[PDB]
Amino acid sequence: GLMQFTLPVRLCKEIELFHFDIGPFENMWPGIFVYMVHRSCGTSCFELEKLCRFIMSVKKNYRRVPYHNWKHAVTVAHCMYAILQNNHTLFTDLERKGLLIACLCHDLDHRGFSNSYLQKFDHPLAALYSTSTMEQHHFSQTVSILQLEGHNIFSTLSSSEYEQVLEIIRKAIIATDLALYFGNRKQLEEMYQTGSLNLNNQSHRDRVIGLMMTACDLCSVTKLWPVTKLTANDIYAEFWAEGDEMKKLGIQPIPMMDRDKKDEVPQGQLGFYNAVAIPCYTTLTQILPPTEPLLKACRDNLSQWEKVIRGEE
Ligand SMILES: Cc1nc2ccc(Cl)cc2nc1C
Ligand SMILES: [Mg+2]
Ligand SMILES: [Zn+2]
């Protein structure tokens with residue numbers, strides 16, 4: 001009950017900042033997550049024995065892929081931690097509990113292939129789940145791990161609180177399907193501008209939590225340039241593997257996934273910052289003013305990609 005996790009001084013200070021990198025020491029990431037749960041939620045939210053057994057089972061069910069791995073899971077949870085810590089009073093006890101777990105679980109059992117590749121391969125998961133294929137799977141795997149003996153970190157919730165938290169986690173994980181982000185942000189944009197945005201309206205909270213999930217999921221574009229640049233290699237290593245597998249099914253991949261068109265990457269990143277990342281952090285900054293550092297860092301990285309194109313690096 002009185003057992004805190006304490007980090008070294010540099011981590012203790014930097015973990016509060018949006019641009020924190022969890023570092024290359026895998027064995028510290030579980031402790032970093034528990035630390036964040038304790039300060040975000042409380043030391044009483046979860047039985048430590050049960051939380052630790054849940055964390056290690058989640059870790060085991062992330063695969064050894066270049067990007068959609070255990071490090072991505074903990075990175076996305078840290079961004080959620082930073083958003084929640086800078087917006088103390090806007091979120092309920094259940095929401096703080098639910099969203100850190102949703103973030104840690106959001107890409108469970110990812111193989112490093114898009115929903116598109118599953119559909120064109122005719123993967124069984126594509127028959128079981130026609131839309132948000134991987135994301136329905138990630139939610140499935142999360143429930144499976146929650147129902148392992150000793151792994152039910154929510155067992156102290158009432159019946160109805162339990163149903164609410166699993167429903168927060170399901171919507172949170174489904175929302176990480178980027179195909180759903182475009183319409184969600186358009187709607188949040190209209191609502192904020194016409195002044196109809198109302199955070200006591202559950203359907204409006206759902207939408208805002210969805211955008212928070214997109215913002216955390218993309219948070220590698222909000223790091224210091226050397227982290228963003230090196231993470232971009234990992235993301236493109238999966239894209240190029242998927243492009244190779246498209247070619248094996250006799251389909252020319254989109255240029256983003258074609259390893260023969262590496263030269264077009266800087267311009268592809270521009271498109272992605274302008275069409276996805278900047279709009280995402282703009283609308284988020286409009287709804288939650290203290291998340292502005294994510295937008296500032298994202299713009300800095302847009303500028304760095306412009307410099308790559310202009311041959312200045
Ligand atoms: C979709 C997408 N997601 C990303 C997430 C993180 C980083 Cl560094 C780069 C990314 N590039 C693209 C194209
Ligand atoms: Mg995902
Ligand atoms: Zn993800």
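Along the sequence shown, residues carry numbers from 1. We use all heavy atoms of the structure for the numbers below, so side chains are in, but hydrogens, waters and symmetry mates are not. Both counts, for ligands and for their atoms, begin at 1 and track the order of listing.
Between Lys59 and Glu26 there is a salt bridge, since at least one side-chain N of the basic residue sits less than 4.0 Å from a carboxylate O of the acidic one.
The Zn ion (ligand 3) has no N, O or S atom of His68 closer than 2.8 Å. Using a cut-off of 2.8 Å, one finds that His72 contributes an N/O/S atom close to the Zn ion (ligand 3).
For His106 and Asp217, the side-chain atoms include at least one donor-acceptor pair closer than 3.5 Å. Residues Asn301 and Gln269 have side chains that never bring a donor and an acceptor to within less than 3.5 angstrom of each other. Of the N and O atoms on the side chains of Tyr81 and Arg39, at least one donor lies less than 3.5 Å from an acceptor on the other residue. Remark: the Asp206 side chain and the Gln202 side chain contain an N/O donor-acceptor pair separated by less than 3.5 Å. Side-chain contact check for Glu292 and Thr285: no donor-acceptor pair (N or O, by modelled atom type) lies under 3.5 Å. Using modelled atom types, one finds no donor on one side chain facing an acceptor on the other under 3.5 Å when comparing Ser40 with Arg96.
Closest to atom 7 (C) of ligand 1, if we only count protein heavy atoms, is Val221 CG1, 3.8 Å. Remark: minimum distance from atom 8 (Cl) of ligand 1 to any protein heavy atom is reached at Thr228 O, 3.5 Å. For atom 5 (C) of ligand 1, the nearest protein heavy atom (residue, atom name, distance) is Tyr67 OH, 4.0 Å. In this structure, atom 1 (C) of ligand 1 lies nearest to the protein heavy atom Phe272 CE1, 3.0 Å.
Listed by number with element, the atoms of ligand 1 under 4.0 Å from a non-hydrogen atom of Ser220 are 6 (C), 8 (Cl).
Using a 4.0 Å cutoff on heavy atoms, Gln269 counts as a contact of ligand 1.
Looking only at its N/O/S atoms, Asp107 has OD2 as the one nearest to the Zn ion (ligand 3). Residue-level check: among N/O/S atoms of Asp107, OD1 sits closest to the Mg ion (ligand 2). When distances from the Zn ion (ligand 3) to the N, O or S atoms of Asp217 are compared, OD1 comes out shortest.
To the nearest 0.5 Å, the span separating CG on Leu17 from CD on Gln85 amounts to 12.0 Å.
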